[PDB]
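Shown next as structure tokens: one chain only, the form deposited in one PDB entry.
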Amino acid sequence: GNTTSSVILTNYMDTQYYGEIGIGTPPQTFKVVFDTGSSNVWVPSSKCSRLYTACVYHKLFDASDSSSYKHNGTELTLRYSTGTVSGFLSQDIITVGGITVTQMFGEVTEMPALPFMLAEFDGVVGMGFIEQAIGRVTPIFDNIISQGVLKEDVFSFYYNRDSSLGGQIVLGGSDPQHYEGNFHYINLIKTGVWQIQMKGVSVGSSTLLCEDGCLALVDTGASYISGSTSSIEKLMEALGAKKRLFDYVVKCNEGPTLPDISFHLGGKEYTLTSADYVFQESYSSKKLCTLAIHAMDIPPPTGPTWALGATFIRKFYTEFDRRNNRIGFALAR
């Protein structure tokens, strides 16, 4: 086709990026995170029990208000790293940017306040592949492509830094106003996960980590750049970061002193400077600053793997190419 659809995102604290979708006729509007690490669509239910606060605190779909809903009941449990959610299939019209599409989505009838009570958004739009879809339900993007319509079989993510639009997704292309120069692509290790091969992680001038290769999931639904507990321990130790109770911290004044961290992908070096990975809330010698890199031991089959989340995307605008099973990166602007 010859269209593109974009969704303006809200950037909450550099940790949550979400946009609007409407579900049903007329549409009921929800805030969703668009997640490449998963493939299901889900929102909180009409029918959610109001005990778990999450539902009491989220917008709930009311199928009784949809002129276009179509009953489905097949039950679902959606398991992510942070948590799990349960509900059941439903069939309705979803508006995304300027596109309307019929979609099987999950009606979230069980939704735990950990982490759900921390979510500034209502639900999730999985931008992952069918192979990861609970219920082997056709993922929204796939459904949108069926539609002809989009110019290219691709979708792009822009995440801004918290200070402006908070971010933007473009379905069917990329927006040149938000990147510099040209994309360089890295091919997926295999169809089914948005995961590529990584040939090294350098601290400053030196390959400290992943010397003999590793995996990197490009995850729009993850806040930080993460690696296993061991990798991160090693990385932090190279940075001189210490763990302050819950997290790794640095003296805020010495943040501008930390080395660059480079990620070797597709034969290039994707470099983040300390300003790109240190939360410089402050610059005092009297305060401790947090880092936007965390350990995350991801289970196989997917893991162990590094996850390149918002911290990475902020630096590199990203294009997910379905057609060619590759990811394109360009300097965000």
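In this text, residue numbers run from 1 along the sequence as written. For clarity, a rigid core is taken as the largest C-alpha set superposing within 1.5 Å between two forms.
When the other compared entries with both flanking residues are checked, residue 328 is modelled in all of them, not unmodelled in a third. Across the other PDB entries of this protein whose models span the neighbouring residues, residue 84 is modelled without exception, so it is unmodelled in far fewer than a third.
Per the record, residue 205 and residue 206 are directly connected, as no deposited residue between them is missing from the model.
In this crystal structure, the stretch out of 211-219 and 77-85 whose C-alpha atoms carry the higher mean B factor is 77-85. Mean CA B-factor, 106-114 versus 179-187: the higher value falls on 106-114. The entry lists C-alpha B-factors for 285, 64, 36, 273, and the highest of these is at 64.
Of the candidates 168, 262, 230, 197, it is 230 whose Cα B-factor is highest according to the PDB record.
Annotation for residue 290: CA B-factor lies in the lowest third of the chain's modelled residues. In the deposited entry, the Cα temperature factor of residue 256 places it in the highest third of its chain's modelled residues.
Ranked against the other modelled residues of its chain, the C-alpha B-factor of residue 173 as given in the entry falls in the lowest third.
Remark: residue 122 belongs to the middle third of its chain, ranked by C-alpha B-factor as recorded. In the PDB entry, residue 147 places in the middle third of its chain by CA B-factor.
The following text describes the form deposited in another entry, which does not appear among the structures shown.
Following superposition on the rigid core between this form and the one not shown, the residue from 143, 81, 95, 91 with a C-alpha displacement of 2 angstroms or more is 81, and no other. Annotation for residue 14: C-alpha shift of 2 angstroms or more between this form and the one not shown, rigid core superposed. A shift of at least 3 angstroms pushes the Cα atoms of residue 104 and residue 81 further from each other in the other form than in the displayed structure. The gap between the Cα atoms of residue 14 and residue 275 is larger in the other form, by no less than 3 Å, than in this form.
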